[PDB]
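Presented below is the structure to which this report refers.
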Amino acid sequence: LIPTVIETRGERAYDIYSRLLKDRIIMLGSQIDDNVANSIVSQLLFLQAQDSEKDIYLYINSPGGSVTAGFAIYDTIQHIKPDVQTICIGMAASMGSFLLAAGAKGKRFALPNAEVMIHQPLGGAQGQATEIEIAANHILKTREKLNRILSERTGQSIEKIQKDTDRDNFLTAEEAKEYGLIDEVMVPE
Amino acid sequence: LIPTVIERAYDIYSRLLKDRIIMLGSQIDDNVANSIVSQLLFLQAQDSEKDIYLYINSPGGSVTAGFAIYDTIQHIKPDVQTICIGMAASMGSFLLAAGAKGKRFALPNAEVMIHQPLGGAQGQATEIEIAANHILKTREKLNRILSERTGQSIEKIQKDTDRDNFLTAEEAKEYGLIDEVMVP
Amino acid sequence: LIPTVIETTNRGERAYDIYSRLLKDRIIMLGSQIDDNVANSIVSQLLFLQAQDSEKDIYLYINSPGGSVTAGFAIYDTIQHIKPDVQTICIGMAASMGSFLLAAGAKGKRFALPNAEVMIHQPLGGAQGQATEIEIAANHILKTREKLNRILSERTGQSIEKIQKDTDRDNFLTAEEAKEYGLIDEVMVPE
Amino acid sequence: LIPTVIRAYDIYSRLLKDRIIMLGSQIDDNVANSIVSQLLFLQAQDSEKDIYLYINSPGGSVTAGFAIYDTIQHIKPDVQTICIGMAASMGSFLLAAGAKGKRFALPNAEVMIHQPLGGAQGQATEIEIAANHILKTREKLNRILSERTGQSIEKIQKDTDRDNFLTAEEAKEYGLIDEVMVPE
Amino acid sequence: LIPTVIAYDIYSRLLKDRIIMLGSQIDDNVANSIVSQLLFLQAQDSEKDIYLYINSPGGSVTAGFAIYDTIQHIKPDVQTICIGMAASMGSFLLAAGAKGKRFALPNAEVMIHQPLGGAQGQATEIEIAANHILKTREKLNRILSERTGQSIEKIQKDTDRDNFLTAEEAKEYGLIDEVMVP
Amino acid sequence: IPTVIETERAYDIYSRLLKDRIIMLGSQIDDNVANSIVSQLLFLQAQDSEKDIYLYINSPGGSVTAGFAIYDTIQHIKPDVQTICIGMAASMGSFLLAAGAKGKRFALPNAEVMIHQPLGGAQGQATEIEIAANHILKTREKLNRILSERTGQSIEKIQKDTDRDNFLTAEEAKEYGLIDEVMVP
Amino acid sequence: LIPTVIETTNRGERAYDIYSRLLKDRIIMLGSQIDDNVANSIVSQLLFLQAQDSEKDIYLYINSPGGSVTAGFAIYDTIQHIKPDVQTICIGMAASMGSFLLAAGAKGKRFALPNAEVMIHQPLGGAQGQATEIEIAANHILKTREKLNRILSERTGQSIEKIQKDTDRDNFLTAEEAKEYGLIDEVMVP
Amino acid sequence: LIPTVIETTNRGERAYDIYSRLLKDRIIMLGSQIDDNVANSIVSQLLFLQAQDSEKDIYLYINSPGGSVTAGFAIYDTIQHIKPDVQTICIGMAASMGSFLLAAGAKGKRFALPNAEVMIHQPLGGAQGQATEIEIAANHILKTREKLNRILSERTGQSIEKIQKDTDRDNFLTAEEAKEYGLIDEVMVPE
Amino acid sequence: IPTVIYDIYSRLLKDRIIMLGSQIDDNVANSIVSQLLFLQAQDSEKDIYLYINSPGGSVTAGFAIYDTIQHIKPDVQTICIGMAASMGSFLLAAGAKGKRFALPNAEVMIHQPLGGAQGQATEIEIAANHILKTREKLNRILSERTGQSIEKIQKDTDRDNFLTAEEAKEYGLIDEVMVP
Ligand SMILES: CC[C@H](C)CNC(=O)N1CCC(=O)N2[C@@H]([C@@H](C)CC)C(=O)N(Cc3cccc4ccccc34)C[C@H]12
Ligand SMILES: CC[C@H](C)CNC(=O)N1CCC(=O)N2[C@@H]([C@@H](C)CC)C(=O)N(Cc3cccc4ccccc34)C[C@H]12
Ligand SMILES: CC[C@H](C)CNC(=O)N1CCC(=O)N2[C@@H]([C@@H](C)CC)C(=O)N(Cc3cccc4ccccc34)C[C@H]12
Ligand SMILES: CC[C@H](C)CNC(=O)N1CCC(=O)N2[C@@H]([C@@H](C)CC)C(=O)N(Cc3cccc4ccccc34)C[C@H]12
Ligand SMILES: CC[C@H](C)CNC(=O)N1CCC(=O)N2[C@@H]([C@@H](C)CC)C(=O)N(Cc3cccc4ccccc34)C[C@H]12
Ligand SMILES: CC[C@H](C)CNC(=O)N1CCC(=O)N2[C@@H]([C@@H](C)CC)C(=O)N(Cc3cccc4ccccc34)C[C@H]12
Ligand SMILES: CC[C@H](C)CNC(=O)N1CCC(=O)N2[C@@H]([C@@H](C)CC)C(=O)N(Cc3cccc4ccccc34)C[C@H]12
Ligand SMILES: CC[C@H](C)CNC(=O)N1CCC(=O)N2[C@@H]([C@@H](C)CC)C(=O)N(Cc3cccc4ccccc34)C[C@H]12
Ligand SMILES: CC[C@H](C)CNC(=O)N1CCC(=O)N2[C@@H]([C@@H](C)CC)C(=O)N(Cc3cccc4ccccc34)C[C@H]12
Ligand SMILES: [Mg+2]
Ligand SMILES: [Mg+2]
Ligand SMILES: [Mg+2]
Ligand SMILES: [Mg+2]
Ligand SMILES: [Mg+2]
Ligand SMILES: [Mg+2]
Ligand SMILES: [Mg+2]
Ligand SMILES: [Mg+2]
Ligand SMILES: [Mg+2]
């Protein structure tokens with residue numbers, strides 16, 4: 001079940017996630033596919049139309065998923081006028097950590113015991129040599145694209161990103177900070 | 001869960017629809033086509049002058065379902081803008097190029113893919129032949145419209161669609177599949 | 001079918017699902033395996049209750065065999081972050097990250113009912129592929145265990161050495177044993 | 001379909017309004033959490049008035065059962081227990097857990113007591129740990145059944161070694177219930 | 001699936017007029033629902049008759065007994081009307097209706113037979129299960145006897161194997177009082 | 001299955017052991033295994049009705065009736081049939097171990113012997129459950145009686161001791177009466 | 001396909017599958033998981049070889065992940081019972097009952113080749129059903145473990161206390177390490 | 001169907017399956033995945049051939065994608081143990097322990113035909129369960145790799161540093177490349 | 001498989017005829033390599049006949065056969081009956097020069113190597129480079145064997161390409177169509 005919350009100009013009933021969206025909080029708390037991406041793009045656009053000045057809060061607890069779906073979110077984040085803060089809670093892996101890195105400069109956060117993981121894109125291809133070749137070049141170009149943006153966003157060289165993403169690379173919040181994937185570890189109120 | 005938004009209480013997609021935004025965010029099958037057709041028809045009825053926005057994040061799908069949307073786009077009075085976000089492949093990229101002239105867009109990192117139609121046939125040689133001609137005709141039809149819509153020659157479309165062909169947003173622009181890359 | 005509860009408001013009759021009714025009184029139910037979905041729900045509930053009232057206590061009921069470590073830490077960090085004290089009440093059982101969260105309640109406000117069961121053990125996982133890949137997975141789950149153990153030490157007052165011996169294999173505790181161990185503060189006795 | 005009654009209530013919610021709780025399935029963590037919540041709510045509404053727990057259950061998880069058990073014993077209100085159809089496993093344990101003098105079964109209700117079930121695979125050391133666990137669990141169950149029924153731990157142990165089917169009248173004689181509810 | 005009538009679902013609408021529908025296999029869910037319905041109607045009015053529709057192949061013996069005992073316990077007469085079929089615990093409950101108020105419609109089918117079960121494991125466990133089902137059968141057979149007027153000996157002969165009855169046959173047997181006529 | 005050559009007739013290892021009056025019961029006991037062993041016994045008798053036969057037993061048991069096929073044949077033939085438990089003998093496995101010729105029933109030191117009650121199943125009508133229950137109960141009395149006769153233990157004790165799985169060392173099996181002797185190096 | 005091998009005897013030609021050929025020279029191949037079938041075959045082979053010649057050594061090759069404990073003891077007991085010395089030679093790996101049988105070879109005639117892998121751990125098993133049945137199974141596998149550990153103590157010279165610590169979890173040993181442990185006497189060199 | 005071959009001897013006609021016919025001339029075929037059965041078969045052949053003739057060379061044809069490391073080492077250790085030189089000849093491919101065994105042939109007598117393919121990579125494995133179990137599995141496969149790499153170093157003349165870099169991911173070599181790597185001594189050129 | 005007073009395939013093998021009449025896997029390669037080596041030892045002068053009715057299969061398996069054909073002294077004639085596809089038609093082309101044949105209605109098919117790769121980008125890359133190198137290798141040899149250019153082979157094998165026996169002759173895959 002998703003719990004319901006009720007506020008008391010009338011009495012309005014909200015599912016907990018909708019209630020958070022009313023305070024400009026978007027939950028990316030699952031594997032990233034086209035459906036999750038559509039929902040989050042819609043939310044971003046709606047929040048912008050309501051107010052193009054106020055910050056947005058993107059909660060990321062996600063193992064990642066589709067690169068293109070992740071980029072649908074990424075590009076929408078960069079297009080809209082409001083700063084989109086990113087907050088890692090639990091883990092951010094794959095495009096999950098890419099999106100965390102994509103938050104507004106100075107406003108990328110993770111809570112202390114959150115886990116950040118970076119690695120190289122995964123894919124698959126079968127058929128003729130020529131089809132294998134196309135699929136190879138495609139995922140290689142996609143990786144260059146990902147790594148270039150990470151370099152811009154973290155301050156690390158493409159050479160270093162390439163090394164450090166060659167195999168699964170698990171980072172503490174703190175380590176994610178010094179790497180430049182986030183700006184700040186959120187310390188207890 | 002699809003979030004709710006209270007202004008009247010709307011699911012987020014229906015709230016976008018009230019502002020003439022249609023989301024093509026899935027595989028194109030008959031159901032998606034009937035939904036999108038129904039939304040286009042409805043928005044025209046509400047206002048035949050104002051632009052409509054068709055978001056495209058789709059790996060494509062059924063060609064006939066794609067043409068259901070294409071024909072409905074072209075038939076109605078309003079300009080239907082097309083915005084590629086994430087990717088448009090197969091009939092997805094077809095519908096992207098079918099947007100109103102000067103109002104086809106993609107955000108910078110969106111991916112566009114063009115390739116030939118896919119199908120299958122089993123049974124007697126005569127049935128194979130019928131299915132072969134059918135999908136060969138369908139390709140000519142698709143290529144002909146892409147030619148008209150992109151400004152490229154049928155000759156060039158045939159070569160470039162022979163195998164999977166992945167394009168960047170900027171590349172889709174110089175190809176003629178979109179008009180403009182939407183910048184921040 | 002989750003039962004419905006209806007109250008009489010002056011602006012009509014408001015109807016709640018039973019869990020939602022409890023959440024109005026600042027009670028959160030962790031009554032399932034901990035996966036990312038359950039974590040997102042509980043994080044959301046915690047953040048909402050803080051917005052409603054930054055000073056009143058929150059009650060987290062725990063009947064959970066545990067689950068994802070990271071999902072658990074989502075909840076853990078949210079608990080530690082917010083202003084309100086979060087009480088923890090173990091009812092039924094609390095194993096794996098369940099017993100971790102139980103121990104993570106506000107100091108002095110971690111409870112178990114007399115017949116509730118607490119279990120502590122080491123984290124479980126897997127790895128396949130090249131030796132280098134196995135090595136990365138091994139280091140990962142070993143670090144995760146160090147992390148868990150270091151916090152349990154701070155939370156229970158037991159040494160890290162002792163936590164590691166005692167979690168090496170499945171370790172079932174009674175409520176009263178959970179108390180002397182330092183995982184909870186008090187065994188709630190009947191009213 | 002669960003029927004509705006007209007404040008429009010599903011039947012079980014309607015019964016809940018009169019402090020009646022239905023345990024009418026296998027006991028798992030979900031069923032436990034639902035019943036715990038109902039108990040906590042009814043107490044909040046009125047800490048003085050009796051609650052009625054209807055039991056038609058083959059039983060299930062022991063820990064889940066003890067979630068319910070501890071909650072019944074913690075709250076101020078007397079929880080009556082009423083076995084209708086059957087109580088087995090933790091089902092009949094909870095039947096015995098009702099308020100003294102307010103444990104009932106209808107004339108043809110069946111009550112079954114037996115030892116806990118479980119499993120264990122792996123190293124000998126792990127089997128050992130699992131075996132000590134289910135044995136301690138059994139000790140715990142039998143000690144509380146002894147407190148509740150007036151029978152000895154020794155007798156519970158022997159009488160639960162294998163499946164033990166009881167009539168309502170036998171269950172009364174055993175101390176599992178206080179009374180057989182005769183017709184009005 | 002379920003039509004609406006004005007608002008009520010069709011089954012809820014019938015429930016307002018003290019009609020309960022047993023139209024499925026009898027399991028613990030169906031029994032809880034029916035028991036809840038019976039309890040609720042009683043509270044609303046302890047005097048007025050209740051109508052229990054039966055179109056069921058039967059199912060769990062214990063679940064059936066949950067319904068049966070609830071029927072006998074409440075103040076109101078519970079009428080039973082067999083429509084379509086009543087088998088196993090289905091036909092048992094038909095017979096458990098208020099005396100003089102047990103009905104079937106002319107083409108309704110009633111079937112009686114001995115309870116079904118299973119057992120595997122040690123000989124000792126097969127023995128426990130066998131004694132359990134045999135005792136369950138005597139219980140049912142004893143109650144059918146009381147309800148029909150037939151001797152326990154005859155109930156046991158007639159239930160030894162599947163025994164299908166017409167509504168008119170069900171009447172002379174004692175399972176119902178009356179065939180409802182147009 | 002290895003082959004051995006004697007000086008030149010070539011045997012599979014098991015057929016060579018059968019030439020020397022050794023029968024191998026080294027699997028679950030089903031009708032096939034019973035018929036094979038019945039046939040090996042009947043033949044070895046015909047060859048020489050005086051000489052001992054050796055029945056190796058490493059078996060978890062299996063079908064009761066199949067087990068009795070072997071038992072009744074062992075008892076029927078003139079020769080003494082020694083039994084040797086190697087590894088384990090459970091269910092009808094240990095029943096056949098006990099059924100060897102008196103004084104000639106053995107287990108090696110680390111062999112394991114398990115006794116327990118028969119297993120079965122029944123579904124359908126009450127009356128059919130009843131028939132299946134009586135059937136397995138009788139089968140158990142019959143087994144127990146014969147164990148009593150062979151072990152020297154009472155039927156009462158056999159029934160208590162077989163009520164659940166009961167694992168015995170070779171030495172325990174000797175003092176139970178299931179075997180006469182533990183074979184030593 | 002198992003290769004065939006043909007020799008010229010005095011009394012004609014004799015054709016053997018390779019494993020049967022090796023058996024003629026008193027070599028037994030334990031090269032698989034240990035179940036009842038494998039146990040019955042090896043026991044039969046041991047019995048036959050002793051009947052052929054009670055004095056001459058037998059060679060047991062061990063490349064096995066182990067398997068059934070009882071099937072293992074079938075082999076073990078047969079080895080100890082027959083007059084001839086059974087040499088044990090670990091090639092590839094010996095784990096679980098495999099390494100138990102390796103240690104069970106004739107004293108001073110337990111070998112491994114240099115890159116062979118030996119692994120010792122505790123027995124594995126399973127039980128479901130009533131508390132009472134879980135108890136029985138538990139006792140059964142704990143007794144089995146004592147049994148195995150006691151014999152390993154005798155065979156290696158290590159204390160029972162040490163055997164139990166060192167078998168608590170999977171414990172991989174090099175051939176050289178198996179020698180210092182006392183599971184083998186010698187590492188066979190080229 | 002494996003074909004049969006029949007020769008004329010002085011004790012009548014002897015009939016061989018083709019593989020057995022090759023074994024008579026001291027040719028062993030490793031032409032499948034390496035599992036325990038294959039290793040036992042090949043070990044037995046090696047031992048048999050040594051007994052027949054402790055002096056004459058043996059020929060080990062290798063067309064194998066590899067397989068079990070321990071199975072591979074059974075063969076490897078048997079090769080080094082017996083008196084006779086074992087020549088290795090790669091035909092088709094050698095990958096994994098297949099290429100390890102290729103390298104393991106007698107010095108100066110390791111060969112591949114011109115279009116044969118040699119692949120080297122790191123060992124593959126799996127682990128599940130408690131952190132402590134994963135760690136044991138990790139150390140095991142890491143040690144296994146060190147063992148493989150150290151022997152390859154001896155056998156090829158390359159350093160351990162290089163063997164590790166070059167085996168990090170799948171590394172396909174031509175016959176000629178295999179020769180300059182030191183995995184083989186010679187490419188067999190047509191007669 | 002019928003017997004002859006030898007099984008039929010073994011009977012043919014006595015007369016130096018090898019049958020490649022199935023998919024090519026490592027087993028089939030090992031068998032055919034063994035038969036070739038045997039036949040050479042019996043007589044290093046006399047021709048061998050390789051019957052090909054195969055849809056092909058593993059490339060490395062096929063190269064096992066290919067290399068063994070080229071290594072031994074005897075001319076290996078190739079005779080395509082039924083069909084030859086993938087490495088089937090590669091081996092047909094690998095026969096001794098002047099002694100590669102097909103019966104009139106036999107079918108010959110040439111196409112590019114098939115394969116697969118999943119995992120990290122870097123792994124897809126290695127697999128891609130591998131199958132691409134493998135295709136370069138096949139094409140270079142086909143070129144040497146047919147007289148056709150590498151560039152022509154490349155385009156001609158881009159998709160499935162069916163040839164008649166006659167077309168296979170003028171392509172250079174065989175030397176002659178065997179007539180009644
Ligand atoms: C709840 C009210 C509603 C969201 C406000 N309306 C609105 O945002 N609109 C309509 C009017 C309009 O001119 N625009 C424009 C711009 C104002 C977008 C900021 C537009 O291009 N789109 C296309 C579009 C479509 C879909 C996704 C998208 C993502 C990212 C860039 C565009 C996208 C929709 C946009
Ligand atoms: C919410 C109000 C409503 C949408 C306004 N009504 C309307 O647009 N109508 C009814 C009256 C009418 O005359 N027409 C006509 C035209 C006005 C179409 C714009 C019509 O052909 N159709 C058929 C139709 C059917 C289905 C899909 C379609 C797609 C594309 C062309 C037609 C299509 C429906 C159309
Ligand atoms: C019912 C209304 C609403 C819940 C009150 N508003 C609110 O809690 N907000 C918005 C305004 C705001 O400034 N913040 C801030 C702080 C006030 C967090 C307490 C913020 O960082 N987040 C990010 C976030 C996002 C998601 C989960 C989270 C968990 C734990 C720390 C943060 C988290 C959201 C936070
Ligand atoms: C419909 C209104 C609402 C239910 C009344 N409020 C209430 O019951 N509350 C909040 C305020 C409060 O002080 N308490 C306290 C006590 C009053 C519990 C009766 C509390 O410990 N809990 C924790 C809890 C949590 C979960 C399960 C439970 C089971 C059994 C003992 C406790 C449990 C929640 C409790
Ligand atoms: C819609 C209002 C509500 C139904 C009226 N209240 C009511 O029936 N109640 C509460 C108060 C009360 O004293 N009783 C009593 C009696 C009045 C039962 C008629 C009671 O025993 N139960 C237990 C019960 C519990 C569950 C199933 C049941 C079956 C069959 C006999 C009992 C059963 C519940 C009963
Ligand atoms: C190697 C030669 C051959 C086995 C010797 N012949 C022989 O034993 N025969 C035939 C002639 C004969 O008179 N008999 C007789 C008796 C001599 C049995 C000892 C016989 O009853 N049977 C039936 C039989 C049939 C099957 C199984 C059996 C088990 C156990 C008792 C009998 C059984 C077969 C028996
Ligand atoms: C190739 C011919 C043949 C093997 C030589 N004969 C022979 O070994 N025999 C028969 C005669 C005999 O007196 N014995 C005796 C002893 C000589 C056993 C060494 C015996 O007890 N058995 C039983 C037996 C049965 C099965 C397995 C066994 C394992 C281990 C101890 C015994 C075992 C068989 C033994
Ligand atoms: C066809 C005739 C027959 C093969 C010649 N006999 C023979 O090779 N024998 C027996 C006599 C003997 O003393 N030895 C010795 C040596 C002569 C081994 C070369 C021995 O240790 N083994 C053990 C063994 C067992 C299994 C595999 C093996 C691998 C590799 C090293 C040993 C191995 C067997 C060896
Ligand atoms: C039944 C009679 C037997 C076939 C004649 N003996 C023979 O051909 N031998 C042994 C003696 C010998 O010097 N050689 C040599 C050459 C004579 C191979 C022609 C050799 O390299 N091999 C390795 C080998 C192994 C496997 C496949 C192969 C393919 C193709 C090149 C080699 C290959 C085996 C070869
Ligand atoms: Mg922005
Ligand atoms: Mg238009
Ligand atoms: Mg706090
Ligand atoms: Mg109470
Ligand atoms: Mg009544
Ligand atoms: Mg006899
Ligand atoms: Mg000995
Ligand atoms: Mg050597
Ligand atoms: Mg040649």
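Remember, it's 1-based here, ligands and their atoms both numbered in the order they're listed. Reminder, nothing fancy here: chain letters follow the sequence lines and each chain counts from 1.
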Quick test of your reading of the model: are [X] and [Y] salt-bridged, counting only N-O distances below 4.0 Å?
| X | Y | answer |
| --- | --- | --- |
| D20(F) | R16(F) | yes |
| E181(F) | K174(F) | yes |
| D55(A) | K107(A) | yes |
| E50(F) | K78(F) | no |

Query raised in the report: Rounded to 10°, how many degrees is the angle O/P79(F)-the Mg ion (ligand 15)-O/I77(F)?
Result: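 That angle works out to 90° after rounding to 10°.
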Query raised in the report: Can you list the atoms of ligand 7 that are under 4.0 Å from a heavy atom of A51(G)?
Result: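 Those of ligand 7 that fall under 4.0 Å from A51(G) are 5 (C).
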Report task. Run the numbers for me: atoms of ligand 7, each under 4.0 Å from some heavy atom of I84(F), listed by number. Result -> 23 (C), 24 (C)
Query raised in the report: Does the side chain of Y56(F) come under 3.5 Å of the side chain of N40(G) through a donor N or O and an acceptor N or O?
Result: yes
Requested in this report: Output the distance between atom CD1 (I179(F)) and atom SG (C85(F)), rounded to the nearest 0.5 Å.
Outcome: 7.5 Å
Write out the residue and atom name of the closest protein heavy atom to [atom], then the distance separating them to 0.1 Å.
| atom | result |
| --- | --- |
| atom 1 (C) of ligand 7 | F48(G) CD1, 3.5 Å |
| atom 15 (C) of ligand 7 | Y54(F) CE2, 4.3 Å |
| atom 21 (O) of ligand 7 | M183(F) CE, 3.6 Å |
| atom 19 (C) of ligand 7 | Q50(G) OE1, 3.6 Å |
| atom 8 (O) of ligand 7 | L47(G) CD2, 3.3 Å |
| atom 31 (C) of ligand 7 | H81(G) ND1, 4.0 Å |

Please classify the [X] to ligand 7 contact at 4.0 Å (heavy-atom distances, strictly less than): side chain, backbone, both or neither.
| X | result |
| --- | --- |
| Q52(G) | neither |
| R16(F) | side chain |
| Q82(F) | neither |
| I82(G) | neither |

To which of [options] does the heavy atom nearest [atom] belong?
| atom | options | answer |
| --- | --- | --- |
| atom 30 (C) of ligand 7 | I86(F), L25(F), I57(F) | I86(F) |
| atom 7 (C) of ligand 7 | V4(F), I22(F), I53(F), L18(F) | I22(F) |
| atom 6 (N) of ligand 7 | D20(F), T78(G), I13(F) | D20(F) |

Query - Test item: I85(B) and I56(B) side chains (from C-beta on) under 4.5 Å apart, heavy atoms - result: no
Requested in this report: Just jot down the side chain to side chain contact (heavy atoms under 4.5 Å, CB included) partners of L18(F), sequence neighbours excluded, or say none.
Outcome: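 Residues passing side chain to side chain contact (heavy atoms under 4.5 Å, CB included) with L18(F): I23(F), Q40(F), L44(F).
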Report task. Could you list the residues that satisfy side chain to side chain contact (heavy atoms under 4.5 Å, CB included) with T151(F), not counting sequence neighbours? Result ->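 Here the qualifying residues are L147(F), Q153(F), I158(F), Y176(F), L178(F).
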Query raised in the report: Given the protein's heavy atoms, is any one of them under 4.0 Å from atom 3 (C) of ligand 7?
Result: yes
Query - More than 12 heavy atoms of other groups within 6.0 Å of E154(G) CD - result: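 Correct, the count exceeds 12.
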Query - Short N or O distance, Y56(F) and ligand 7, threshold 3.5 Å exclusive - result: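 For ligand 7, there is no N or O atom that lies under 3.5 Å from one belonging to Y56(F).
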Query raised in the report: Can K147(G) be said to sit on top of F73(G)'s aromatic six-ring, NZ or CZ under 6.0 Å from centre and within 45° of the ring axis?
Result: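 Yes, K147(G) lies over the aromatic ring of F73(G).
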Report task. Decide, counting backbone as well as side-chain atoms, whether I56(A) has an N, O or S atom less than 2.8 Å from the Mg ion (ligand 10). Result -> no
Query raised in the report: Using 30° and 60° as the class limits, which term best fits the ring planes of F95(F) and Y71(F): parallel, tilted or perpendicular?
Result: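 Judged by the thresholds at 30° and 60°, the geometry between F95(F) and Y71(F) is tilted.
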